[PDB]
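Report on the following structure.
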Amino acid sequence: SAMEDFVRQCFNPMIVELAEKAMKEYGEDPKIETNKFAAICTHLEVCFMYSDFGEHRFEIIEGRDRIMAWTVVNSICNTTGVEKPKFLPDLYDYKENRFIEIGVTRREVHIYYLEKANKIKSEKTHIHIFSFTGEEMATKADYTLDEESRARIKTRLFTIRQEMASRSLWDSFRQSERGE
Ligand SMILES: O=c1cc(Br)[nH]c(-c2nnn[nH]2)c1O
Ligand SMILES: [Mn+2]
Ligand SMILES: [Mn+2]
């Protein structure tokens, strides 16, 4: 375990349960694919923190069953006309009226930005990338959040990294490119 112990100690139970459900759907064992497990929890938590930093500004799409995620996406499209994305995004921004894809990477933010923009191939979805180094990259350099909220996300990601490092897990996690 070790990685599993750390995941259960640093993420709240709701997130852990959501991550285990995601992995039981994919067919993957969180006791085996430990680095994926941690990356899923981290990404889930960034999405929830992002949303929570809003007069009810964000709708969370990530973390729901696919049925219900698509139900939410469809509802938003029918009530705004916003083009329906091709891949499930992570949040909807009602203030700006755009979907958001959140990326968390152990590599350089620009590399992973390029990789996500190339994947989603949709000019509609705003993209926001975070590293474990306090760096971010976002479409048009439009970061959406205020400094406080982005700083809190940066802090938590760095803290997770240092917690992994103190437990000797960071090097495997960093080289694992799995989940990001
Ligand atoms: O950032 C992400 C990385 C991976 Br790998 N997958 C997703 C995803 N999968 N289904 N909905 N979102 C992300 O948002
Ligand atoms: Mn997602
Ligand atoms: Mn994402």
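Numbering (the deposited numbering), first residue to last: -1 to 52, 73 to 198.
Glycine included, each C-beta is placed from N, C-alpha and C at the ideal position.
Inter-residue spacing [alpha-carbon to alpha-carbon] between residue i and residue j
i, j, result
"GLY152", "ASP111", "23 Å"
"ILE79", "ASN96", "16 Å"
"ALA159", "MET182", "30 Å"
"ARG6", "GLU31", "15 Å"
"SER167", "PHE148", "13 Å"
"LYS172", "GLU198", "16 Å"
"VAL100", "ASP108", "15 Å"
"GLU195", "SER49", "25 Å"
"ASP189", "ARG179", "10 Å"
"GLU77", "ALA17", "19 Å"
"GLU119", "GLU133", "12 Å"
"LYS113", "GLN193", "37 Å"
"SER186", "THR98", "48 Å"
"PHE176", "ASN115", "30 Å"
"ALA135", "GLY121", "11 Å"
"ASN10", "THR89", "26 Å"
"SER93", "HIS74", "16 Å"
"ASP164", "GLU26", "37 Å"
For residue i: DSSP bridge partner residues
i, result
"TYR110", "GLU77 and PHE117"
"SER140", "DSSP, once it has assigned bridges, lists no residue as partnering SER140."
"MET155", "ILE147"
"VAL122", "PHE148"
Distance cut-off 6 Å: residue i Cβ against heavy atoms of ligand 3
i, result
"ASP108", "yes"
"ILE79", "no"
"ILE118", "no"
Cβ neighbours of residue i in the same chain (closer than 8 Å, five flanking residues each side left out)
i, result
"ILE13", "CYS39, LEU42, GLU43 and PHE46"
"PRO103", "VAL91, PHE117, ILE138, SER140, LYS142 and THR143"
"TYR161", "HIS146, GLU154 and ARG168"
"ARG170", "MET47 and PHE51"
"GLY81", "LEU16, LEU42, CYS45 and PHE46"
"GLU2", "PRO28, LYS29, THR32 and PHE35"
Same chain, Cβ closer than 6 Å to residue i, five either side skipped, listed in chain order
i, result
"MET21", "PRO28"
"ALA87", "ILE79 and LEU106"
Other residues of its chain near residue i: CB distance less than 7 Å, five sequence neighbours each side excluded
i, result
"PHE191", "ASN33, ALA36, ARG124 and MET182"
"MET155", "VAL127, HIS128, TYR131 and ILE147"
"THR157", "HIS144 and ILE145"
"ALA0", "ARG185 and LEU187"
Cβ-heavy atom distance, residue i to ligand 1, below 6 Å
i, result
"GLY25", "no"
"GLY52", "no"
"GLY121", "yes"
Residue i CB to nearest heavy atom of ligand 5 below 6 Å
i, result
"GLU18", "In terms of ligand content, the structure shown lacks ligand 5 and carries ligand 1, ligand 2 and ligand 3 instead."
Would you list, in sequence order, the uninterrupted alpha helix (DSSP H) runs of no fewer than 4 residues that lie entirely inside the stretch 18 to 43? Listed in chain order, nothing qualifies, since the stretch 18 to 43 has no complete alpha helix (DSSP H) run of 4 or more residues.
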